[PDB]
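*Asks:* Here's a structure for you.
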Amino acid sequence: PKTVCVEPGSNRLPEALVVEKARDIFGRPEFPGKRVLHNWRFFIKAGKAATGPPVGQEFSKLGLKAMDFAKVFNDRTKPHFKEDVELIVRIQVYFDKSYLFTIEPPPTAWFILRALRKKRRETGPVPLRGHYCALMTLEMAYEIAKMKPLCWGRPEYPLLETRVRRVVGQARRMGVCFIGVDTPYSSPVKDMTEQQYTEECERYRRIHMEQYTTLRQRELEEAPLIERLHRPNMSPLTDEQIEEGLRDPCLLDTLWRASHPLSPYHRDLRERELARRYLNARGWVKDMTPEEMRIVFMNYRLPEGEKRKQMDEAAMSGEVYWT
Amino acid sequence: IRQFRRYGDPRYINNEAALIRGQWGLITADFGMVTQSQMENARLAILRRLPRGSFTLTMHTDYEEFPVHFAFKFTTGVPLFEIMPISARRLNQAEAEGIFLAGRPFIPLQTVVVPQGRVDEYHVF
Amino acid sequence: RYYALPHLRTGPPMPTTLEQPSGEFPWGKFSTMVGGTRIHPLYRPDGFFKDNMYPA
Amino acid sequence: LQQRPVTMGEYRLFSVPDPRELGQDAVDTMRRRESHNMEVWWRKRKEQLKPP
Amino acid sequence: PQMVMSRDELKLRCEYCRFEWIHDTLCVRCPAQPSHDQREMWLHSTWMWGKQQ
Amino acid sequence: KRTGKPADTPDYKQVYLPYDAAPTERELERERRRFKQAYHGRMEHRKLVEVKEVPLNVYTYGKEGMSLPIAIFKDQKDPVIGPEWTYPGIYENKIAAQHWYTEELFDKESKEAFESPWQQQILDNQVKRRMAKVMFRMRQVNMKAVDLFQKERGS
Amino acid sequence: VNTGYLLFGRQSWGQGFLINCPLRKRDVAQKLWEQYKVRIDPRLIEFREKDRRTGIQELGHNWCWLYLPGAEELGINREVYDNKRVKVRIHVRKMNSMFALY
Ligand SMILES: [Zn+2]
């Protein structure tokens, strides 16, 4: 009867405790700026770091006493962890033969084999066999993907809806069957008609679209400035136009000038009109009003908000070098 | 039966541009006579280089055998081998030709590797 | 009997919508860089680990 | 130490054609288009097997 | 060194292998692993007309 | 490899019931019988494959109230799968997270019809994966000649 | 034209197998009319890359290409080997001064 968070799409991060202690143990020692002579990776259990064959051999291979890393890792990793969790430990050894190790959550294969309730060697690629291994909902994929961020400092990035596909596709690659996807229908709902399910879907998907949109908007706002500049589309260019434009510089930079937002600096009709007609001398795109030039040519992976901002003369009229 | 020295002469150039059903094919570029044993050698050498999980080698042996000993008299453009897919594996030209390269030497006359569909004999020749 | 081609009533001499697929293996000139790429030295690509790591 | 970062107007003043990225994505566009007609080529060659 | 039939049958087998000219005859030399050496088969470095065609 | 694989396999815990209306077991069979067969590939080679490990209950498998055994920390409670609409872009993924054969995405872009806006990005990343495949050997062919498929395959 | 194989014969002096009066596009089109009764504009013919520079000129089996211009009006596809071309097959036989021309 209970349903925990009924709200349009805020289940994104995991809960508090996991986030903050995953912050203070899975973490980034800052890169000192030295010359790395070894980037090592290990799968090491939580409570036990050993001087046995792999780590002991590679540390004695440099002459380094392996007891120190083992002791530090056991002191850092024995508390806070449930048993039989194999962790990624990346040790970076510099030219001073001083090293820095990062502790990272288990690989995606581990999560998938946990969540599927499957032990090792129980699943493989589909054409190798000819039958799918265990069914999985895209609900489970999120709580797998929640656990692996790029940077624990900032959990939001990269965005789930994108990076989930990495998990989905790797599970795919493992031979996992899926529900949302690879089968026509979505797992049955007891209490609702099919048209109710679909009507829910058509509003929910666009709600998520809007949220995602604003999210990558402030994403792009956190970024450095050069991504907010003008990279015009090359596809709408008629391929001979592209190659002949690569044969001479002027076609492309006159193009760039012609298709640009109307910003105070680049909004000049005098240098624009002769640019357009200079393009139209040689049979470049001629069916163009300049304002549809500003639509057809714009950065396409640039999100919706700042691109309507650039399309709009008003919002961009304000950015001017003062003094 | 009891055919003379001039019979089924390969020496003419044919008008039929073959149609290869398989994804790739090996096609006669010159005139000649080929022994069965040579095509068997070619077949084995090619089957060494095939990913038997995705592929099947089809050999066209249905042509007439002419007395010398029985061998084949091949006109230009007669298809020999065919690489047929069992799955989505799409070879490049380098790969397919690298595969047929094994079996080319055993065949006494010059051969070309041709891609799926009808031989474009403007490009081959 | 003599044999001769019919005249052209409509449409182009070389089939446009009816093109036979061209029989070469379609490797792009820019995808496989070998020849026929006339690229202005200002526009030279793929230097990512040589000179296009330090751009402009 | 006060960081008042470079603003939009200040930096957009220096906006300009950058031939490096123009050339690069021109080349990449060419490549995606030739991959396009490569897939198209395989399709045409497969449908060439159709009876007349 | 093994003599290839022509220039097309000539490949660079290793990382250190090079194209070099032996008096107008194109050849391949590896400073490491000399068994990789390839010559294009062609006329002797010294030949007269009656002696060599 | 035997590295980085769970050496134990704990069970599922079903925390709260996603429904209040209990199914008849014939509903539990007729949904499951629907699940055992699935489609593989999306193109001309497309084959029905029977699915191993199809759960007893379809209604309660992944969609709410189940706690995953993916817990890691000591105080980490098994995460309870929440409602669908609280998971972002899931309905949008269902459209686009599927095997997309290159030819087929391409034809959609030409016809200017995409099932989701995102399938642009799905295409652009495929191309880049293909061309990378081309770009790798061209760094490998440079250093030394590497001949494609002349070696004997297997034993 | 492709079903037909146009017999050709001429005179050859010297050592390797060359015709001392090489072929060109005005007399390929001539043989077409002589034995196949096919009338085409000779400028539709194109030679092989090797034979453009010297003419045809070599004994034995040679092939050449005839461009048949109009058909997409007729919907010609898959019922021919290709929509624009015919491989015109020439065979040049050397004969003495008795039986040859030129
Ligand atoms: Zn070598």
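By order of appearance in the structure tokens: chains A, B, ..., then residues from 1 within every chain, and ligands from 1 in the order shown.
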For chain D against chain G, which residues fall within 10 Å using only C-alpha atoms, given as a list in words?

*Replies:*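 On the chain D side, the interface is residues 47, 48, 49, 50, 51 and 52 of chain D.
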
*Asks:* Next, dump the selected residues to file, keeping only N, CA and C atoms, as a PDB file, in the first residue's frame.

*Replies:*
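Contents of the output file part.pdb:
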```
ATOM      1  N   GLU D  47      19.509  -6.019 -52.129  1.00  0.00           N
ATOM      2  CA  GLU D  47      18.240  -5.978 -52.844  1.00  0.00           C
ATOM      3  C   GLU D  47      18.443  -6.181 -54.342  1.00  0.00           C
ATOM      4  N   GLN D  48      19.699  -6.205 -54.775  1.00  0.00           N
ATOM      5  CA  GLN D  48      20.015  -6.510 -56.166  1.00  0.00           C
ATOM      6  C   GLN D  48      19.779  -7.990 -56.466  1.00  0.00           C
ATOM      7  N   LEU D  49      19.581  -8.775 -55.411  1.00  0.00           N
ATOM      8  CA  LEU D  49      19.364 -10.217 -55.529  1.00  0.00           C
ATOM      9  C   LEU D  49      17.898 -10.543 -55.772  1.00  0.00           C
ATOM     10  N   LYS D  50      17.071  -9.504 -55.752  1.00  0.00           N
ATOM     11  CA  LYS D  50      15.635  -9.631 -55.965  1.00  0.00           C
ATOM     12  C   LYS D  50      15.347 -10.028 -57.408  1.00  0.00           C
ATOM     13  N   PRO D  51      14.416 -10.973 -57.611  1.00  0.00           N
ATOM     14  CA  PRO D  51      14.029 -11.288 -58.988  1.00  0.00           C
ATOM     15  C   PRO D  51      13.421 -10.061 -59.662  1.00  0.00           C
ATOM     16  N   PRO D  52      13.574  -9.951 -60.990  1.00  0.00           N
ATOM     17  CA  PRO D  52      13.105  -8.774 -61.729  1.00  0.00           C
ATOM     18  C   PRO D  52      11.586  -8.631 -61.688  1.00  0.00           C
TER      19      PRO D  52
END
```

*Asks:* Skip residue 10 in chain E itself and residues of its chain fewer than 3 positions away, then list as a PyMOL selection string all residues within 12 Å of it, counting only C-alpha atoms.

*Replies:* (chain E and resi 2-7+13+17-20+26-29+36-41) or (chain F and resi 145)

*Asks:* Nearest to residue 90 in chain G among G:12, G:2, G:62, G:54, with distances taken over only C-alpha atoms: which residue is it?

*Replies:*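 For residue 90 in chain G, the nearest of the given residues is G:62.
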
*Asks:* Among range 78-317 of chain A, which ones does DSSP place in helix (DSSP H, G or I), written as a PyMOL selection string?

*Replies:* chain A and resi 108-115+126-129+138-145+160-174+194-222+225-228+239-247+249-258+269-281+290-296+304-311

*Asks:* If we count only C-alpha atoms and set the cut-off at 8 Å, which residues sit around residue 4 in chain C, ignoring sequence neighbours fewer than 2 positions away in its own chain? Please answer as an NGL selection string.

*Replies:* (:C and (2 or 6)) or (:G and (38-40))

*Asks:* Compute the set of chain C residues within 12 Å of chain F, using only C-alpha atoms, and express it as a list in words.

*Replies:*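 Per the criterion, chain C yields residues 27, 28, 30, 31, 32, 33, 34, 46, 47, 48 and 49 of chain C.
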
*Asks:* Write the residues of the selection above to a file with N, CA and C atoms, as an mmCIF file, in the first residue's frame.

*Replies:*
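File written: again_8.cif
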```cif
data_model
loop_
_atom_site.group_PDB
_atom_site.id
_atom_site.type_symbol
_atom_site.label_atom_id
_atom_site.label_comp_id
_atom_site.auth_asym_id
_atom_site.auth_seq_id
_atom_site.Cartn_x
_atom_site.Cartn_y
_atom_site.Cartn_z
ATOM 1 N N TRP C 27 34.645 2.721 -49.505
ATOM 2 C CA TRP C 27 35.470 3.349 -48.484
ATOM 3 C C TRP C 27 35.512 4.848 -48.725
ATOM 4 N N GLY C 28 35.113 5.618 -47.720
ATOM 5 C CA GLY C 28 35.120 7.064 -47.826
ATOM 6 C C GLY C 28 36.527 7.589 -48.016
ATOM 7 N N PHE C 30 37.713 10.318 -46.861
ATOM 8 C CA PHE C 30 38.178 10.866 -45.588
ATOM 9 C C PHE C 30 38.244 9.824 -44.480
ATOM 10 N N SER C 31 37.556 8.706 -44.671
ATOM 11 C CA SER C 31 37.567 7.652 -43.666
ATOM 12 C C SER C 31 38.833 6.815 -43.774
ATOM 13 N N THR C 32 39.233 6.536 -45.007
ATOM 14 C CA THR C 32 40.515 5.913 -45.274
ATOM 15 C C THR C 32 41.363 6.963 -45.961
ATOM 16 N N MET C 33 42.375 7.476 -45.279
ATOM 17 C CA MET C 33 43.098 8.590 -45.857
ATOM 18 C C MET C 33 44.247 8.036 -46.677
ATOM 19 N N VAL C 34 44.081 8.142 -47.986
ATOM 20 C CA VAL C 34 45.027 7.599 -48.942
ATOM 21 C C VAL C 34 45.321 8.646 -50.005
ATOM 22 N N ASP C 46 43.018 15.283 -37.433
ATOM 23 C CA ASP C 46 43.606 14.120 -36.768
ATOM 24 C C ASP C 46 45.012 14.306 -36.211
ATOM 25 N N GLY C 47 45.311 15.472 -35.670
ATOM 26 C CA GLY C 47 46.625 15.679 -35.092
ATOM 27 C C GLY C 47 46.624 15.510 -33.589
ATOM 28 N N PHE C 48 45.558 14.894 -33.078
ATOM 29 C CA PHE C 48 45.152 15.005 -31.678
ATOM 30 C C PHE C 48 46.275 14.730 -30.707
ATOM 31 N N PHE C 49 47.156 13.807 -31.066
ATOM 32 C CA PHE C 49 48.361 13.585 -30.280
ATOM 33 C C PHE C 49 49.637 14.208 -30.842
#
```

*Asks:* Please, which residues of chain E, numbered as in this document, come out strand (DSSP E or B) from DSSP, as a PyMOL selection string?

*Replies:* chain E and resi 2-4+18-22+25-29+38-40

*Asks:* Using only C-alpha atoms, find each residue in chain B having at least one atom no more than 6 Å away from chain F; report its shortest atom-to-atom pair and that distance in Å (one decimal), rows by chain then rising number, as JSON lines.

*Replies:*
```
{"residue": "B:48", "atom": "CA", "partner": "F:152", "partner_atom": "CA", "distance": 5.6}
{"residue": "B:49", "atom": "CA", "partner": "F:152", "partner_atom": "CA", "distance": 5.3}
{"residue": "B:95", "atom": "CA", "partner": "F:148", "partner_atom": "CA", "distance": 5.6}
{"residue": "B:98", "atom": "CA", "partner": "F:149", "partner_atom": "CA", "distance": 5.4}
```

*Asks:* Just give me the gap between CA of residue 77 in chain A and CA of residue 24 in chain A in Å, one decimal is fine.

*Replies:*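 Straight-line distance from CA of residue 77 in chain A to CA of residue 24 in chain A works out to 11.4 Å.
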
*Asks:* Show me, as an MDAnalysis selection string, the residues that have an atom within 12 Å of residue 240 in chain A when counting only C-alpha atoms, minus same-chain residues fewer than 3 positions from it.

*Replies:* (chainID A and resid 235 237 243:247 282:284) or (chainID D and resid 26 30 33)

*Asks:* Neighbouring residues of residue 299 in chain A were defined as those with any atom within 12 Å, considering only C-alpha atoms; residues of the same chain fewer than 2 positions away were excluded. Please report them as a short mmCIF file (atom, residue, chain, number, x, y, z; two decimals) with C-alpha atoms, in the first residue's frame.

*Replies:*
```cif
data_model
loop_
_atom_site.label_atom_id
_atom_site.label_comp_id
_atom_site.auth_asym_id
_atom_site.auth_seq_id
_atom_site.Cartn_x
_atom_site.Cartn_y
_atom_site.Cartn_z
CA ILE A 226 33.78 28.01 -25.09
CA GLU A 227 30.95 25.46 -25.27
CA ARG A 228 28.49 28.34 -25.26
CA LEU A 229 30.16 29.63 -28.43
CA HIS A 230 29.20 28.86 -32.01
CA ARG A 231 29.90 25.49 -33.61
CA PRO A 232 27.61 25.41 -36.65
CA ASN A 233 26.12 22.24 -38.11
CA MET A 234 28.02 20.69 -41.00
CA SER A 235 25.31 18.12 -41.95
CA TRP A 256 30.34 30.80 -39.77
CA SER A 259 25.15 31.86 -39.40
CA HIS A 260 25.69 33.22 -35.96
CA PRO A 261 23.34 34.43 -33.19
CA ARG A 294 20.24 30.87 -37.48
CA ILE A 295 17.97 27.87 -36.98
CA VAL A 296 19.29 25.34 -39.50
CA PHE A 297 22.88 26.16 -38.37
CA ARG A 301 24.16 18.99 -29.00
CA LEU A 302 23.70 22.36 -27.32
CA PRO A 303 20.57 22.01 -25.15
CA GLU A 304 17.18 23.63 -25.81
CA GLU A 306 20.45 28.32 -24.20
CA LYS A 307 19.83 27.65 -27.90
CA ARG A 308 16.47 29.43 -27.74
CA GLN A 310 20.83 32.45 -28.59
CA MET A 311 18.01 32.43 -31.13
CA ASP D 25 33.77 18.45 -37.74
#
```

*Asks:* Identify, on the basis of only C-alpha atoms, every residue whose closest approach to residue 26 in chain C does not exceed 10 Å; exclude the query and any residue fewer than 3 positions from it along the same chain; express the result as a count of residues only.

*Replies:* 13

*Asks:* Each residue of chain C with at least one atom at most 7 Å from chain G should appear once, together with its nearest atom pair and the corresponding distance in Å (one decimal); atoms considered: only C-alpha atoms; ordering: chain, then increasing residue number; output as CSV.

*Replies:*
```
residue,atom,partner,partner_atom,distance
C:2,CA,G:37,CA,4.8
C:3,CA,G:38,CA,4.6
C:4,CA,G:39,CA,5.2
C:8,CA,G:70,CA,6.1
C:10,CA,G:73,CA,6.7
C:11,CA,G:73,CA,6.4
C:12,CA,G:70,CA,6.9
C:13,CA,G:70,CA,4.5
C:14,CA,G:69,CA,6.0
C:15,CA,G:72,CA,4.8
C:18,CA,G:72,CA,6.0
C:20,CA,G:82,CA,6.5
```

*Asks:* Kindly save the residues from that selection, with C-alpha atoms included, as a PDB file, in the first residue's frame.

*Replies:*
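Written out: out04.pdb:
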```pdb
ATOM      1  CA  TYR C   2      18.827  -3.299 -88.250  1.00  0.00           C
ATOM      2  CA  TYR C   3      18.941  -2.607 -84.528  1.00  0.00           C
ATOM      3  CA  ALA C   4      18.967   0.873 -83.030  1.00  0.00           C
ATOM      4  CA  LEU C   8      14.681   9.883 -75.436  1.00  0.00           C
ATOM      5  CA  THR C  10      11.522  11.929 -71.148  1.00  0.00           C
ATOM      6  CA  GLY C  11      14.118  11.930 -68.372  1.00  0.00           C
ATOM      7  CA  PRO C  12      17.952  11.753 -68.251  1.00  0.00           C
ATOM      8  CA  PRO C  13      20.334   9.678 -70.378  1.00  0.00           C
ATOM      9  CA  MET C  14      21.963   8.060 -67.355  1.00  0.00           C
ATOM     10  CA  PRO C  15      19.585   6.392 -64.914  1.00  0.00           C
ATOM     11  CA  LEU C  18      17.440   3.525 -61.253  1.00  0.00           C
ATOM     12  CA  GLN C  20      22.912   0.147 -60.247  1.00  0.00           C
TER      13      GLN C  20
END
```

*Asks:* Counting only C-alpha atoms, which residues in chain A sit no more than 12 Å from chain B? For each one, give the nearest pair of atoms and the distance in Å, sorted by chain then residue number, as JSON lines.

*Replies:*
```
{"residue": "A:126", "atom": "CA", "partner": "B:87", "partner_atom": "CA", "distance": 11.9}
{"residue": "A:127", "atom": "CA", "partner": "B:87", "partner_atom": "CA", "distance": 8.7}
{"residue": "A:128", "atom": "CA", "partner": "B:53", "partner_atom": "CA", "distance": 8.4}
{"residue": "A:129", "atom": "CA", "partner": "B:53", "partner_atom": "CA", "distance": 11.1}
```

*Asks:* When you look at residue 76 in chain B with a cut-off of 12 Å (counting only C-alpha atoms), what residues show up, excluding the ones that are within fewer than 3 positions of it in the same chain? I need them as a PyMOL selection string.

*Replies:* (chain B and resi 9-18+26-33+73+79-80+109-112+119+121+124-125) or (chain G and resi 61)

*Asks:* What is the distance between CA of residue 92 in chain A and CA of residue 39 in chain A, in Å to one decimal?

*Replies:*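 CA of residue 92 in chain A sits 4.7 Å away from CA of residue 39 in chain A.
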
*Asks:* At a cut-off of 12 Å, list the chain F residues touching chain D, using only C-alpha atoms, as a PyMOL selection string.

*Replies:* chain F and resi 43-44+101-110+123-132+134-135
